[PDB]
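S.K.: Sharing a structure with you now.
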Amino acid sequence: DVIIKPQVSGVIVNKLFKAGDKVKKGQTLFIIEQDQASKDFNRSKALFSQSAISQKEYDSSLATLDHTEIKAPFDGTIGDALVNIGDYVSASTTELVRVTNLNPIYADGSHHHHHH
């Protein structure tokens, strides 16, 4: 149904999900590193600024070593992964895997307006 995609560009770092298994209503699927967008911004915290609390130094508490996580939309099954750790991925350009719901009742069956 879906062809899932990352909220940023960079490169894959981890594979939380499994090719051919199931997914919860938004289980975490991938991790990315922001490659060279962060190249000017990484160095201060990588040396030392990570230890502080000031809003421009403290960024290791907000994004670690320049990572972003990716998650499913809804409950279902999930296809063969299209990517691995080191595949260069981009926000609509590379496509990570497909997500495919088991039945449609798990989002709008009768009362699911307080479940979805």
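Scheme for the structure tokens: letters A, B, ... for chains in order shown; per-chain residue numbers from 1; ligand numbers from 1 in order shown.
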Taking 6 positions as the minimum chain separation for residues in the same chain, which residues sit within 10 Å of residue 60 of chain A when counting only C-alpha atoms? Answer as a PyMOL selection string.
M.R.: chain A and resi 42+45-46+49-52+66-67
S.K.: Output N, CA and C atoms for every residue in that selection, as a CSV table (one decimal), in the first residue's frame.
M.R.:
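And here's again_30.csv as it stands now:
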chain,number,residue,atom,x,y,z
A,42,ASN,N,28.4,19.8,13.8
A,42,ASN,CA,28.8,18.6,14.5
A,42,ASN,C,30.1,18.8,15.4
A,45,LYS,N,30.1,20.1,19.5
A,45,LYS,CA,29.6,19.0,20.4
A,45,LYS,C,30.4,17.7,20.3
A,46,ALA,N,31.0,17.4,19.2
A,46,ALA,CA,31.9,16.2,19.0
A,46,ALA,C,33.2,16.3,19.8
A,49,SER,N,31.2,20.4,23.5
A,49,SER,CA,30.0,21.2,23.8
A,49,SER,C,28.8,20.3,24.3
A,50,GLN,N,28.8,19.0,23.9
A,50,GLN,CA,27.8,18.0,24.3
A,50,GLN,C,27.5,18.0,25.8
A,51,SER,N,28.5,18.4,26.7
A,51,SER,CA,28.4,18.3,28.1
A,51,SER,C,27.5,19.4,28.7
A,52,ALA,N,27.4,20.5,28.0
A,52,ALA,CA,26.7,21.7,28.6
A,52,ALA,C,25.1,21.7,28.5
A,66,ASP,N,24.1,13.6,15.1
A,66,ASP,CA,23.4,14.1,13.9
A,66,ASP,C,22.5,13.0,13.2
A,67,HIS,N,21.7,12.3,14.0
A,67,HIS,CA,20.8,11.3,13.6
A,67,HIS,C,19.3,11.7,13.5
S.K.: Which is closer to residue 78 of chain A than all the others in A:31, A:102, A:8, A:62, using only C-alpha atoms?
M.R.: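 Closest to residue 78 of chain A, using only C-alpha atoms: A:102.
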S.K.: From a DSSP pass on the backbone, collect the residues of segment 19-78 of chain A flagged as alpha helix (DSSP H) and hand them back as number ranges by chain.
M.R.: A: 39-47, 60-63
S.K.: Using only C-alpha atoms, which of the listed residues (A:24, A:1, A:6, A:12) sits closest to residue 85 of chain A?
M.R.: A:12
